[PDB]
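Each chain, written out:
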Amino acid sequence: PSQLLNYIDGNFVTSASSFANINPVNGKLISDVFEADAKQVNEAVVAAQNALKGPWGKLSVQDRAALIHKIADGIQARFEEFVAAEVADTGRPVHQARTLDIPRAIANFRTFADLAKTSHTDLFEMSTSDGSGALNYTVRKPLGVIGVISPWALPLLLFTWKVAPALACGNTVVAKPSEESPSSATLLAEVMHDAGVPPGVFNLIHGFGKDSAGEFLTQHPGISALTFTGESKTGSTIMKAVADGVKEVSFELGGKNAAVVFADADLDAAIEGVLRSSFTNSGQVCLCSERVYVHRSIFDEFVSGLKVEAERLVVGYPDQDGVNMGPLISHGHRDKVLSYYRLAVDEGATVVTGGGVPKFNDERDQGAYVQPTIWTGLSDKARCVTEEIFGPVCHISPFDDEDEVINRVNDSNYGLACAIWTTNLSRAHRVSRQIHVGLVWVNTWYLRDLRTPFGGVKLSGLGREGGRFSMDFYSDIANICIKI
Amino acid sequence: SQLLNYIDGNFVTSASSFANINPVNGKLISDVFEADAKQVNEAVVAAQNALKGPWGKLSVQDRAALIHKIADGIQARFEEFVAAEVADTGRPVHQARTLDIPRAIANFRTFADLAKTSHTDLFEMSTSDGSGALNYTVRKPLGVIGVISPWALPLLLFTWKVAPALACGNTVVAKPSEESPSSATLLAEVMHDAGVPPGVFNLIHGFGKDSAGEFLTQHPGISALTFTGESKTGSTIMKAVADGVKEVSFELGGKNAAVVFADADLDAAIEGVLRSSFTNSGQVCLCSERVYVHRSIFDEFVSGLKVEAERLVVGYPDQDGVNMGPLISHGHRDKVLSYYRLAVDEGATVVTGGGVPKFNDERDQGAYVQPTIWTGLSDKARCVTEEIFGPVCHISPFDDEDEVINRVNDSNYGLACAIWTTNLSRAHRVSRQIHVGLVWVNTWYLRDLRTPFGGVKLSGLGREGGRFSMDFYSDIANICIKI
Amino acid sequence: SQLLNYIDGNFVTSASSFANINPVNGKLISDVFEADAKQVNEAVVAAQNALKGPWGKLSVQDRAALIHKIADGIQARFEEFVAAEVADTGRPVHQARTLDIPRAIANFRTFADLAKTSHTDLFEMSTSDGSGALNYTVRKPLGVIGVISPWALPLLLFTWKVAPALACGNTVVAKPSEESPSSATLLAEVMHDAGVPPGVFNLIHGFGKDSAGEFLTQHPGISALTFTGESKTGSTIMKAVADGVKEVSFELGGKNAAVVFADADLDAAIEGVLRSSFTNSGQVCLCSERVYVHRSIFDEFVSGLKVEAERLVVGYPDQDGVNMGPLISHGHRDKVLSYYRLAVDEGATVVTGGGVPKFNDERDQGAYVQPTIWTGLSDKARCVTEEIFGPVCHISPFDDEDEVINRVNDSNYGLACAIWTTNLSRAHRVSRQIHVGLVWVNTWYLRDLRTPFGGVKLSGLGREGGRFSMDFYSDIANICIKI
Amino acid sequence: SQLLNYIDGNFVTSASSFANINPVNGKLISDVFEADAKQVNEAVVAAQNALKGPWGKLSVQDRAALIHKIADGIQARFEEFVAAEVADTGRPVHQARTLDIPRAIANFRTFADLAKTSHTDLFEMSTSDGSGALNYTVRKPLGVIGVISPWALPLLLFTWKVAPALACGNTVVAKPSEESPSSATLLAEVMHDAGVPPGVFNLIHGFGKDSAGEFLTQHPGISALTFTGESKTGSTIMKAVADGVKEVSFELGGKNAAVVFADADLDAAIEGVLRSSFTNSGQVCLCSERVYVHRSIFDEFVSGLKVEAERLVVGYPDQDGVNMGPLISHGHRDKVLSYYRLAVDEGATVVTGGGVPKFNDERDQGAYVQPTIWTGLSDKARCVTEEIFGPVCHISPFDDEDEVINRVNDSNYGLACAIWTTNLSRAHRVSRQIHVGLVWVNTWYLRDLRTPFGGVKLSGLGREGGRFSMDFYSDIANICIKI
Ligand SMILES: NC(=O)c1ccc[n+]([C@@H]2O[C@H](COP(=O)([O-])OP(=O)(O)OC[C@H]3O[C@@H](n4cnc5c(N)ncnc54)[C@H](O)[C@@H]3O)[C@@H](O)[C@H]2O)c1
Ligand SMILES: NC(=O)c1ccc[n+]([C@@H]2O[C@H](COP(=O)([O-])OP(=O)(O)OC[C@H]3O[C@@H](n4cnc5c(N)ncnc54)[C@H](O)[C@@H]3O)[C@@H](O)[C@H]2O)c1
Ligand SMILES: O=C/C=C/C=C(\O)C(=O)O
Ligand SMILES: O=C/C=C/C=C(\O)C(=O)O
Ligand code: NA
Ligand code: NA
Ligand code: NA
Ligand code: NA
């Protein structure tokens with residue numbers, strides 16, 4: 001069918017070997033993707049290094065920002081093509097792609113272009129022993145070549161979340177999208193080319209991780225930084241890989257996030273909110289709630305309500321009427337998720353709903369669908385309650401006391417996000433500050449202001465991105481001290 | 001003299017002890033107790049528990065007041081700290097009195113003040129339902145901070161990490177260099193006497209591999225590791241903490257250049273390069289071991305620096321008009337001399353020094369070397385590309401501005417650079433093109449503690465100082481309220 | 001018993017003096033020397049000259065250190081300051097010990113700390129020739145700051161202006177209220193003893209119109225006039241400095257509302273509104289003279305507040321259990337009692353108070369009034385729209401959230417508002433809709449000195465506090481270097 | 001043509017009208033309708049109401065998008081705006097195409113962008129009960145912004161105020177100079193076509209006293225008055241708004257100095273001072289009317305500048321290589337020529353110029369004057385101390401750096417200064433000592449829109465630009481939540 005090429009030094013190029021891109025809706029082949037080899041990865045990095053010395057390196061911040069807005073214009077001009085690409089790779093509902101995924105990719109470019117135009121640095125005056133003084137001023141310069149490695153959860157959103165600030169800060173880029181979701185990134189390369197982005201500034205390499213393009217990229221001494229979103233264990237691997245070169249790193253690594261529903265929550269809103277936080281993108285978001293804590297006084301009503309709403313969810317085709325959930329990303333990921341579904345039963349869970357695979361009795365049975373699933377009855381120490389599944393699942397447990405639930409939320413090796421439901425003013429601020437995570441939402445979930453710091457604690461990450469945090473990470477911060 | 005660990009509010013010995021040796025005369029100063037894995041665990045657990053005790057309940061203002069009390073404690077025992085630092089390292093008493101100890105005090109006071117005045121951000125946004133949302137950020141303590149520090153500027157560097165760590169409400173497990181354990185031990189006494197709650201500040205003594213340093217980096221209970229020292233050690237530590245994805249902050253030395261343009265105040269530049277090459281006997285990460293001087297003033301510059309270099313007094317720390325003490329250790333002298341010989345083998349001209357002075361007293365059992373200047377090596381020579389960390393510099397002529405910028409940047413390191421020029425445009429044009437974290441113009445190692453400090457390439461990861469320290473030593477959390 | 005001016009490093013008398021009267025008993029406390037136009041000129045010229053003296057050459061660190069010594073000086077004479085504030089105003093000794101004097105000290109320390117830690121901005125831009133330019137900003141002293149303060153919280157308000165003025169390196173000519181001259185005079189002594197150079201801080205006593213206050217505002221040698229007091233006086237001062245285009249900053253009182261929603265913690269709201277209505281006998285610009293209570297809890301709220309108001313002990317500043325002292329002066333009492341009468345004529349129900357207590361002792365020669373609560377007036381009544389500045393509130397029921405927001409905002413003033421609610425969305429939704437400079441939720445007059453402070457409409461111009469004071473009391477200069 | 005008011009979404013005429021006259025040739029360009037007091041009231045009331053309409057409901061993002069569409073609209077009619085600016089003022093077409101119109105576009109885009117990216121502050125504090133509090137600040141629209149602008153840079157200065165006003169969500173009543181009403185009227189058309197809701201932007205035409213300008217300043221319905229123009233007028237306006245305590249922001253011109261040090265690039269400095277003295281025929285608030293040149297290069301500088309001034313082409317706005325058009329009006333020429341005479345009477349040597357060119361065509365009916373250079377005047381001469389606002393400069397020698405700093409600062413004005421020097425230290429040392437809001441080194445009027453812009457002394461009150469505009473055109477509110 002279609003073919004997805006690498007984009008290296010201003011040219012789309014094939015490779016000696018290719019791999020299949022499979023549609024998870026029906027198991028069908030979508031495209032062949034050309035896997036970049038070590039030589040092609042080197043060529044990309046070298047091209048990126050050289051482009052720093054070319055026209056790109058000479059652009060004013062204003063001209064750079066203008067070109068980045070042109071990249072965003074180019075995505076907007078091919079909006080439905082990008083929607084189609086993202087949907088084909090992942091099975092996500094078309095409505096989700098049209099409202100979350102593709103708009104956020106456009107917004108990523110525009111916001112960081114704007115931040116680049118408006119951001120400034122610092123001036124520090126000091127006295128000296130001779131009485132004449134000195135001036136210290138800081139500047140932001142490009143860090144150099146940014147290696148970007150992104151996952152399949154929100155392919156274009158996460159890819160552009162890294163590529164946008166990288167380019168806004170005047171860096172050049174070598175970027176490796178997930179082998180599961182290569183299409184929109186390839187379309188993005190086309191937009192870059194058509195927008196007139198100079199050769200070598202943006203390079204797209206396809207492939208896998210170990211023994212493939214991903215590993216080749218992290219090991220290349222020519223990069224200045226590696227920014228990554230994906231599995232915690234992969235973060236550790238990458239951190240070791242770049243250590244000999246002391247490369248700058250930025251990791252967002254998923255979690256085992258909790259939602260907490262206090263007795264004073266708006267109960268219908270909380271049920272809807274937890275439905276969203278547990279089952280959005282079929283549970284395949286690092287920010288999803290796989291643990292839910294509900295006050296004992298409302299526990300039964302909450303569980304019954306969520307069961308009903310989960311069973312109301314339409315699981316099916318991306319453009320099907322009223323669809324809420326598509327499949328998992330791949331048969332391989334479904335294997336992991338189903339193994340946890342089995343483990344929960346073995347650990348003594350009550351399966352409130354789901355727990356298996358829907359039977360469609362059509363081509364979708366060859367796809368990688370699972371049921372939205374709710375568990376109760378597990379202890380806080382069960383594997384299914386402590387390890388990240390990354391499926392459309394949550395376990396629900398009662399609690400009695402505010403300090404109790406705070407400690408239970410924090411009793412985790414992860415620390416990415418938490419969502420709290422309460423109508424009480426003091427409770428909202430008092431509890432949120434005590435949760436050991438990078439991101440707290442109160443009475444909502446995954447509401448994003450791109451200027452805010454975003455990241456996690458513990459195994460969930462290293463560093464922050466977003467707003468000034470990205471402007472700092474993707475820049476060399478240099479202090480220049482002038483003796484007067 | 002005995003130096004004990006300080007764990008959970010108590011001074012404790014260990015099963016193993018090692019020698020602390022004065023580098024001036026090779027004499028024994030103290031027995032130092034080496035923390036084992038069990039004690040390192042005891043320290044981290046104590047620090048974890050201290051976050052949940054009285055320390056964790058202090059307001060930012062009360063926390064800052066207590067930190068100013070630590071600073072008062074150092075000031076009150078000022079000469080004791082001076083003598084501890086001098087005994088360990090052989091540094092001139094005058095340097096200890098003007099740089100090392102006052103900076104330690106200033107580190108605590110500055111970060112205490114930054115903590116009092118610092119604030120975070122508020123972002124407003126609109127939502128679909130027309131009600132809006134607000135996102136605000138807060139800085140919280142990161143948790144337990146692991147601190148591993150080197151011997152170059154013992155108390156200064158130790159407190160450069162410990163002060164912001166405490167100011168941000170963290171607890172600390174700190175391991176000073178086995179070569180300079182004394183002032184950190186006296187700090188533990190000041191902390192105790194100021195009434196810092198047990199577990200908040202813990203001091204562990206020992207080495208790196210198979211010792212307290214390694215055990216600290218491997219401990220799952222810490223939240224960050226901040227480190228200053230050798231680049232290869234940074235790499236090792238970065239691998240060590242990777243499985244726990246710990247926050248890291250590294251300053252890793254370098255091979256720094258000074259550049260003297262033809263329009264420099266020549267006398268000021270000679271004096272400045274003498275300072276940047278030979279301060280603390282050249283044992284500062286920021287020292288200029290490479291110097292580039294415009295061809296038109298090269299001979300005059302080299303001659304002038306030779307004269308000044310040979311006027312330097314190498315002797316006892318309290319000796320009249322002393323300029324230089326010994327190197328930190330005989331082991332370090334072995335490294336440095338090995339480089340002295342390598343320079344000759346590489347075809348260098350030895351403008352001055354190149355050996356060790358002869359004292360005919362106890363100092364001959366110490367670890368002294370001479371201030372040394374080389375010329376005549378190529379840019380690819382090992383002696384011009386590898387960090388020596390001794391009182392040495394190589395001087396090379398250059399002709400063009402773009403040329404020297406490229407030669408300065410042609411390095412796997414990238415910590416600092418000092419530029420000498422009287423020209424306005426040149427200062428700003430050139431400074432911005434040097435690939436380092438820190439540039440000084442017409443000075444060297446002039447420090448405003450609010451500024452970002454750190455390196456690029458093999459010279460580091462991250463920035464500390466001012467708000468960069470307030471961010472690194474804090475959990476930054478975003479709280480989003482849907483209205 | 002005699003209060004002198006402090007001009008160019010010397011305490012000086014004047015040709016005329018006026019009486020300082022104790023409002024507890026109407027007795028004479030001291031005679032105060034009134035600065036004439038000639039002495040006001042002498043003060044401004046000395047302040048101009050001090051800018052060129054040792055004060056001008058101090059580093060920001062040395063300046064901050066000295067300001068901390070001023071604070072130390074107040075702390076060393078803490079009880080004398082308490083006695084001074086209490087004598088002039090009749091405020092309870094407990095209030096003076098807990099609010100007034102500690103805030104004056106905190107004012108100096110906080111702005112000293114901000115001076116030490118604050119920095120400015122660097123902007124890079126590209127140019128036609130490809131070489132670029134740098135713009136950087138600096139904060140410099142504005143010059144001579146004229147400070148005019150009121151009698152409400154005499155030392156607190158005086159130092160609220162003097163502390164940032166001095167922290168930013170200005171020199172100062174300051175005129176405290178004729179009603180409360182004592183603590184400002186003691187402050188002059190602290191400055192003197194602290195070694196603040198002559199001319200840096202000058203104290204001038206007197207009245208407003210046709211006296212020291214007027215003369216100061218009309219002097220061409222000042223660089224700014226900061227003022228807290230009556231709104232119409234703000235307008236007068238704004239016209240007075242206009243020909244010189246002087247920088248101005250005004251906080252001008254108001255007619256503040258407290259709002260108690262049906263979901264409020266009722267007991268907390270009652271105690272809260274007791275504080276916000278009767279603190280300092282209702283003589284604070286931030287006091288709530290209008291109160292809106294949801295009709296479901298209206299009767300219960302008014303009953304509870306009546307009981308608590310009637311439990312207030314009104315009396316001597318050192319009286320066991322005293323809660324309220326007198327009004328500042330007989331003349332101010334005349335105004336307040338005029339409003340007490342007007343309220344009755346306007347149809348008010350007097351829930352409690354409404355007159356003067358009968359003590360049958362020397363307090364009857366003082367300026368006491370009763371804490372007072374009204375109900376039953378229209379939103380357009382004079383007693384509900386005009387600032388009384390006494391220990392009084394009118395309470396009105398309301399039904400709807402949008403209704404009460406509009407009623408709060410229906411005012412020519414806009415200083416502060418206190419809102420009582422336990423609902424998360426309501427707190428943030430309502431607070432952002434109130435047209436004032438300052439909103440408190442579930443509290444009142446809780447002050448973080450870093451925050452912007454000021455009013456809208458007739459309640460002010462500009463903001464002070466934190467960075468806003470650092471900006472106002474500074475020349476902000478932009479320096480652009482073409483490279 | 002005919003230029004109408006734009007009020008509540010409609011173009012409207014008036015009872016009275018006045019002439020718009022081309023200063024190149026004295027010909028009538030348009031009739032302009034003068035808004036009366038009734039119409040000013042209608043505009044302010046329309047602005048107040050528009051705050052409660054769809055404008056007030058827009059998200060910051062949607063508001064910024066709309067402002068970007070305003071900018072798009074000006075760009076889409078770029079040459080129409082150019083022709084309008086040129087017709088009114090006689091400015092060179094090249095200047096209008098490179099400075100005036102592009103800056104108007106950039107004004108809207110920059111403040112739209114700043115609105116999108118700017119945020120506010122979060123401060124945490126501890127309280128007695130140990131539960132804590134949080135203070136967060138928000139930026140809200142101030143309300144109705146009155147804008148009064150002058151004829152020096154008509155659309156640039158008009159949009160410099162209107163853009164941040166709209167970006168901060170205010171509504172606007174704006175009064176452009178009677179001398180240059182065209183581009184503002186075109187801007188009203190752009191707003192209308194972009195779909196800016198009725199009442200959000202209102203344009204009123206007329207004069208000052210007893211006309212639209214005065215009526216606007218006296219209207220109690222405005223929330224602020226921002227103004228650029230003559231110092232005396234700023235003073236008058238400051239008095240006019242005083243009774244309402246309206247927020248004010250003033251930039252008020254000056255008597256700016258250029259300084260040329262002996263180490264300057266002399267050719268660059270000659271070119272630089274040519275630009276700073278004669279750009280827009282010297283009709284910019286920032287122009288250098290005083291020049292100080294080191295004695296050692298004084299003669300060479302003056303001869304060089306004389307030659308370059310005499311090569312300036314004075315003539316038609318679209319003439320081949322024109323450098324200078326006429327002055328704004330015959331009335332302004334009367335003022336400027338009166339100063340030309342006065343300089344001679346004060347004993348000046350007329351190095352070049354001093355009269356009016358003879359064209360022998362329609363330009364003789366215009367308002368042209370010659371670029372003029374004087375020498376030989378005292379620092380106290382009227383022509384050296386009073387703003388002329390024509391294409392003139394006086395040049396005086398100096399000997400010492402501290403001397404020249406004092407001479408530059410010896411002025412009742414303090415807007416800007418340009419300094420020429422190749423020395424690094426001198427650039428930073430001297431710039432910091434000049435008592436003005438704006439310093440340029442080795443350039444002049446190089447603008448980064450994010451930087452603070454304003455003057456000291458009689459040259460202004462407040463700063464605008466970047467965050468300073470975001471603060472001025474907003475209500476800053478502090479919301480304190482007790483937890
Ligand atoms: N950046 C600097 O300021 C700095 C300071 C001193 C030395 N150095 C460089 O390194 C050389 C010094 O030798 P060194 O052994 O003292 O440097 P080092 O970097 O190995 O030692 C620094 C600190 O880290 C500890 N450490 C060493 N190995 C460790 C490990 N595997 N895990 C945890 N901690 C470990 C040490 O005990 C010591 O406290 C010098 O020649 C110089 O080039 C740099
Ligand atoms: N905002 C506040 O904190 C505050 C404080 C005190 C009083 N007030 C209000 O004002 C009334 C008090 O009367 P007041 O006379 O004491 O207030 P005032 O505003 O007239 O006096 C305040 C200060 O300004 C000075 N002053 C007065 N007129 C002046 C003038 N024309 N030029 C220069 N300085 C002048 C005074 O001497 C005093 O130091 C109260 O009833 C109350 O409503 C407000
Ligand atoms: O040996 C390296 C020196 C580091 C200096 C600092 O960290 C400092 O001065 O803050
Ligand atoms: O005539 C006065 C100059 C005004 C310039 C500006 O306000 C600007 O360039 O922003
Ligand atoms: Na796929
Ligand atoms: Na030692
Ligand atoms: Na009195
Ligand atoms: Na005209």
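**Points about the coordination of the sodium ion (ligand 7)**
Residue and element names in this part refer to chain C.
Now for step 1: Those donors, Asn20 (OD1), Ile21 (O), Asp88 (O) and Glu179 (O), are the protein atoms that reach the sodium ion (ligand 7), and they lie 2.9 to 3.1 Å from it.
Now for step 2: In the primary sequence, the donor residues of the sodium ion (ligand 7) line up as N-I-x66-D-x90-E. Here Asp88 lies in helix α4 (residues 78-89) and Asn20 lies in strand β4 (residues 16-21), a separation of 68 residues in the sequence.

**A word on the relation of the copies chain B and chain C**
Now for step 1: Note on the copies: chain B fits chain C at an RMSD of 0.1 Å, the axial shift is 0.0 Å, and the rotation between them is 180°. These values place the two chain copies in the arrangement generated by a two-fold rotation axis. Nearest to the rotation axis, the C-alpha of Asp113 of chain B is located 3.2 Å from it, this being the minimum over chain B.
Now for step 2: Comparing contact sets, 100% of the residues at the interface of chain B also lie at the interface in chain C, consistent with an isologous, same-surface contact.

**Focus on the coordination of the sodium ion (ligand 6)**
Now for step 1: Those protein atoms acting as donors to the sodium ion (ligand 6) are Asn20 of chain B (OD1), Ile21 of chain B (O), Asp88 of chain B (O) and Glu179 of chain B (O), and they sit at 2.9 to 3.1 Å.
Now for step 2: Counting residues between consecutive donors of the sodium ion (ligand 6) along the chain gives the motif N-I-x66-D-x90-E.

**Considerations on the interface of chain D and chain C**
Now for step 1: In this complex, chain D contributes 64 residues to the contact, which on the side of chain C involves 64 residues.
Now for step 2: Summed over both sides, the interface of chain D with chain C buries roughly 5,200 Å², with 57% coming from carbon and sulfur.
Now for step 3: The three residues of chain D that bury the most area against chain C are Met238, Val245 and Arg432 of chain D, which together make up 12% of that side's buried surface.
Now for step 4: Where chain D packs against chain C, one counts 4 salt bridges.
Now for step 5: For the pair chain D and chain C, the interface holds 32 residue pairs in polar contact.
Now for step 6: Among the elements that line the side of chain D that touches chain C, the one with the most residues is strand β21 (residues 474-482) of chain D, at 8 residues.
Now for step 7: Bridge count between strand β19 (residues 438-441) of chain C and β21 of chain D: 4 bridges; the pairing is parallel.

**Concerning the UniProt feature "active site" (unreviewed entry) in chain A**
Residues and elements named next belong to chain A.
Now for step 1: Summarizing the sequence annotation, UniProt attributes the feature "active site" (unreviewed entry) to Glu252 in the numbering used throughout.
Now for step 2: For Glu252, the position within the fold is in strand β12 (residues 248-252).
Now for step 3: For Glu252, a relative accessible area of 6% gives the class buried.
Now for step 4: Every residue in contact with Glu252, bar those within four places of it in the chain, is listed here: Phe228, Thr229, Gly230, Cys286, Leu416, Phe454 and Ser460.

**Quick notes on the interface of chain B and chain C**
Now for step 1: If you look at the interface, chain B gives 17 residues, while chain C gives 17 residues.
Now for step 2: Note on chain B versus chain C: buried area summed over both sides is about 1,400 Å², and carbon and sulfur give 59% of it.
Now for step 3: Among the residues chain B hides against chain C, the three largest losses belong to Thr117, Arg450 and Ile483 of chain B. Together they make up 33% of the total.
Now for step 4: Seen at the junction of chain B and chain C, the total is 4 salt bridges.
Now for step 5: We note a salt bridge from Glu124 of chain B to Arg432 of chain C, for which the minimum N-O separation is 2.7 Å.
Now for step 6: There are 7 residue pairs in polar contact connecting chain B and chain C.
Now for step 7: Put simply, the parts of the chain that give the side of chain B that touches chain C at least two residues each are α5 (93-117), α15 (424-431) and β21 (474-482) of chain B.
Now for step 8: Classifying every residue of the side of chain B that touches chain C by side-chain character gives 5 nonpolar, 5 polar and 7 charged.

**Looking at the site of ligand 2**
All names here are of chain C.
Now for step 1: Around ligand 2 lies a shell of 27 residues, among which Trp151, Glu178, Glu230, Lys335 and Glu387 are the nearest.
Now for step 2: Within the backbone of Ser149, one N or O atom sits 2.9 Å away from an oxygen atom of ligand 2.
Now for step 3: At 3.0 Å from a nitrogen atom of ligand 2 is found a main-chain nitrogen or oxygen belonging to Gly229.
Now for step 4: Protein chains bury 89% of the 810 Å² of accessible surface belonging to ligand 2 in isolation.
Now for step 5: At 3 residues, the largest contribution of residues to the shell around ligand 2 is made by helix α8 (residues 212-218).
Now for step 6: Class assignment for the residues of the shell around ligand 2 results in 8 nonpolar, 11 polar and 8 charged.
Now for step 7: Residue assignment places the shell around ligand 2 across two domains, with domain 1 (1-253 + 449-483) and domain 2 (254-448) each supplying three or more.

**So, the site of ligand 1**
Residue and element names in this part refer to chain B.
Now for step 1: Not every one of the 28 residues close to ligand 1 is listed here, only the nearest: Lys175, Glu230, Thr233, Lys335 and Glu387.
Now for step 2: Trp151 places a polar side-chain atom, nitrogen or oxygen, 3.0 Å from an oxygen atom of ligand 1.
Now for step 3: Residue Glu178 places a side-chain N or O atom 2.9 Å away from an oxygen atom belonging to ligand 1.
Now for step 4: Protein burial of ligand 1: of its 820 Å² of free accessible surface, 90% is covered by the chains.
Now for step 5: Mapped onto the shell around ligand 1, the elements with two or more residues apiece are α8 (212-218), β11 (224-228), α9 (231-241) and α12 (330-345).
Now for step 6: Broken down by element, the shell around ligand 1 gets its largest block of residues, 3 residues, from α8.
Now for step 7: Shared between two domains, the shell around ligand 1 holds at least three residues of each, these being domain 1 (1-253 + 449-483) and domain 2 (254-448).

**Notes on the relation of the copies chain D and chain C**
Now for step 1: Here chain D sits on chain C after a turn of 180° about the axis and a move of 0.1 Å along it, with an RMSD of 0.2 Å.
Now for step 2: Of the interface residues in chain D, 98% have counterparts in chain C that sit at the interface too, so the contact is made through matching surfaces.

**Brief notes about the pattern of salt bridges**
Now for step 1: One pass over the full model with this rule turns up 117 salt bridges over all chains.
Now for step 2: Here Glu190 of chain A and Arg78 of chain A are joined by a salt bridge, their closest N and O atoms 3.0 Å apart. Of the two residues, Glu190 of chain A is situated in helix α7 (residues 183-195) and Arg78 of chain A in the loop between α3 (61-77) and α4 (79-90); the sequence distance between them amounts to 112 residues.
Now for step 3: Through salt bridges with shared partners, a single ionic network connects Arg140, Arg468 and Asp472 of chain A together with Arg139, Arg467 and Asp471 of chain B.

**A word on the UniProt feature "binding site: NAD(+)" (unreviewed entry) in chain B**
Residue and element names in this part refer to chain B.
Now for step 1: Here the UniProt feature "binding site: NAD(+)" (unreviewed entry) sits at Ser149, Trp151, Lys175, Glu178, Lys209, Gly229, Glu230, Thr233, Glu251, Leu252, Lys335 and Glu387. Considering the C-alpha atoms alone, the annotated residues occupy 239 residues of sequence and remain spread out, their largest mutual distance being 23.6 Å.
Now for step 2: Judged by its relative accessible area of 68%, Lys209 falls in the exposed class.
Now for step 3: Checked against the element boundaries, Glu251 lands in strand β12 (residues 247-251).
Now for step 4: Given a relative accessible area of 7%, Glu251 falls into the buried group.
Now for step 5: Setting aside its immediate chain neighbours within four residues, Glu251 contacts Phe227, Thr228, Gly229, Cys285, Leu415, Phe453 and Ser459.

**Observations concerning the UniProt feature "binding site: NAD(+)" (unreviewed entry) in chain A**
Now for step 1: The feature "binding site: NAD(+)" (unreviewed entry), as annotated in UniProt, sits at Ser150, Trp152, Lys176, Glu179, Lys210, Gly230, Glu231, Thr234, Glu252, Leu253, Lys336 and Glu388 of chain A in this numbering.
Now for step 2: Within the secondary structure, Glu231 of chain A sits in the loop between β11 (225-229) and α9 (232-241).
Now for step 3: The partly exposed category is assigned to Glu231 of chain A, whose relative accessible area is 41%.
Now for step 4: In this view, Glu231 of chain A contacts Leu253 and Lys336 of chain A; residues no more than four positions away in its chain are not counted.
Now for step 5: The topology assignment puts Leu253 of chain A in the loop between β12 and β13 (257-261).
Now for step 6: Excluding residues that lie within four positions of it along the chain, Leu253 of chain A makes contacts with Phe228, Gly230, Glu231, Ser232, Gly235, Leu459, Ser460 and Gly461 of chain A together with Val245 of chain B.

**Details of the packing of aromatic side chains**
Now for step 1: Evaluation of the coordinates by the stated rule reveals 49 aromatic pairs over all chains.
Now for step 2: Look at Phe262 of chain A and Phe399 of chain A: their rings are 5.5 Å apart centre to centre, the planes differ by 85°, and that puts the pair in the edge-to-face class. Here the residue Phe262 of chain A occupies a position in the loop between β13 and α10 (267-279), and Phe399 of chain A occupies one in strand β17 (residues 393-399), the gap between them amounting to 137 residues. For the pair formed by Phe262 of chain A and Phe399 of chain A, the shared burial category is buried.
Now for step 3: Pairing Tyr6 of chain B with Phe11 of chain B gives two aromatic rings, centres 4.8 Å apart and planes at 55°, and the pair type is tilted.
Now for step 4: According to the relative accessible area criterion, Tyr6 of chain B is buried, its value standing at 3%.
Now for step 5: One aromatic cluster is present, formed by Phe112, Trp161 and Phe454 of chain A through successive ring pairs.
Now for step 6: Residue placement shows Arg447 of chain B over the ring face of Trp160 of chain B; its charged tip is 5.1 Å from the ring centre.

Rules of the game
Residues numbered from 1 in each chain as written, not as in the entry; some residues may be left out. Chains lettered and ligands numbered in written order. Heavy atoms only, no water. Donors = N, O, S within 2.8 Å, 3.2 Å for Na, K, Ca; no water. Helix = DSSP H or I, 4+ residues; strand = E, 2+ residues; numbered from the N terminus. Least-squares fit on C-alpha atoms. Contact = heavy atoms within 4.5 Å. Buried area = accessible area lost by both parts, 1.4 Å probe. Salt bridge = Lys/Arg side-chain N within 4 Å of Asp/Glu carboxyl O. Polar contact = N/O pair within 3.5 Å; in protein donor to acceptor, adjacent residues only side chain to side chain. Pairing = 2+ DSSP bridges. UniProt positions renumbered as here; feature names shortened; annotations may be inferred. Buried < 20%, exposed > 50% of the residue type's maximum accessible area, 1.4 Å probe, protein only. Nonpolar A, V, L, I, M, F, W, Y, C, P; charged D, E, K, R; others polar. Near = heavy atom within 4 Å. Areas by Shrake-Rupley, 256 points an atom, 1.4 Å probe, with all protein chains shown as cover. Domains from an automatic or database assignment. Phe/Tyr/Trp six-rings, centres within 6.5 Å; stacked < 30°, edge-to-face > 60°. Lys NZ or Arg CZ within 6 Å of the ring centre and 35° of its normal.

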